[PDB]
Amino acid sequence: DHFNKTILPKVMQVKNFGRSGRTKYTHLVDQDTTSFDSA
RNA sequence: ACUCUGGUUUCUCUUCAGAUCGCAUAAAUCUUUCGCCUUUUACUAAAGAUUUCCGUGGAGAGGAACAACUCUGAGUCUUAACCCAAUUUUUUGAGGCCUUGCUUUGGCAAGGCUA
């Protein structure tokens, strides 16, 4: 966690990189489908 | 304004289930794909098909229990005060006769008499 993960490659910006226990869920704000101009 | 009809609850079982069985929502298995991946599970998430589970409705049967009683249905679903009535029914003067012509007599049609 002390590593700056904002400079990692976007393939390294995951959880448990290299482990078999991984999922498609990424973090939070790309699971969010809300826009900021609609409604 | 009347005669004949006649319940409700609850338990269990056997079947049929289209229906939002379900105005709710789980899991497993299989076949495709999907993300990891280091070995099995345990997994990621989409489709299809199966099941399983928590439930449900309809019908039938057998019990226990307010069962002894209405209600519902069917049936024409009963009558005298005040009206005897002046265009299609059962109290409405519309009633008859002959002549003429036709017709085998019978019978049919127009006319007159009309209190």
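Just above, that's the structure.
Residues numbered from 1 in each chain as written, not as in the entry; some residues may be left out. Chains lettered and ligands numbered in written order. Part of a larger assembly, values for the part shown. Heavy atoms only, no water.

A. Molecular detail of the overall build of chain A. Tallying secondary structure elements over chain A gives zero helices and zero strands in all. Expressed as lengths along the three principal axes of its C-alpha atoms, the size of chain A is roughly 40 × 25 × 15 Å. Burial statistics for chain A: of 39 residues in total, 0% are counted as buried. Looking at chain A as shown, the accessible area adds up to about 4,300 Å², and 57% of this sits on carbon and sulfur atoms. For chain A, the distance from the average position of its 6 positive side-chain charges to the average position of its 4 negative side-chain charges is 15 Å. (Helix = DSSP H or I, 4+ residues; strand = E, 2+ residues; numbered from the N terminus. Buried < 20%, exposed > 50% of the residue type's maximum accessible area, 1.4 Å probe, protein only. Areas by Shrake-Rupley, 256 points an atom, 1.4 Å probe, with all protein chains shown as cover. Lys, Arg positive; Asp, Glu negative; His and termini not counted. Charge placed at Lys NZ, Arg CZ, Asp CG, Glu CD.)

B. Geometry of a nonpolar patch on the surface. A cluster of nonpolar residues, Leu 8, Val 11, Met 12 and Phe 17, forms a patch on the protein surface that exposes about 340 Å² of accessible area. A residue is classified by how much of its surface remains accessible, and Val 11, at 57% relative accessible area, is exposed. (Patch = residues over 30% accessible without salt bridge, like charges linked within 9 Å, V, L, I, M, F, W, Y side chains within 5 Å. Salt bridge = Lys/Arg side-chain N within 4 Å of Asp/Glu carboxyl O.)

C. Quick look at the environment of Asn 4. Relative accessible area serves as the criterion here: at 43%, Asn 4 is assigned to the partly exposed category. C-alpha separation for the pair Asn 4 and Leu 28, spaced 24 residues apart in sequence, amounts to 18 Å. Looking at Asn 4, its side chain comes within polar contact range of the side chain of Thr 6, at 2.5 Å. (Polar contact = N/O pair within 3.5 Å; in protein donor to acceptor, adjacent residues only side chain to side chain.)

D. Just the protein's contact with RNA strand B, in detail. Taken together, the neighbourhood of RNA strand B is formed by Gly 18, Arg 19, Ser 20, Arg 22, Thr 23 and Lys 24. Looking at RNA strand B alone, sugar and phosphate atoms form 56% of those within 4 Å of the protein. Measuring from a sugar or linking oxygen of RNA strand B, one finds a backbone N or O atom of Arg 19 at 2.4 Å. One nitrogen or oxygen atom from the main chain of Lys 24 is found 3.0 Å from a sugar or linking oxygen belonging to RNA strand B. Among the residues forming the surface near RNA strand B, the class breakdown is no nonpolar, three polar and three charged. (Near = heavy atom within 4 Å. Nonpolar A, V, L, I, M, F, W, Y, C, P; charged D, E, K, R; others polar.)

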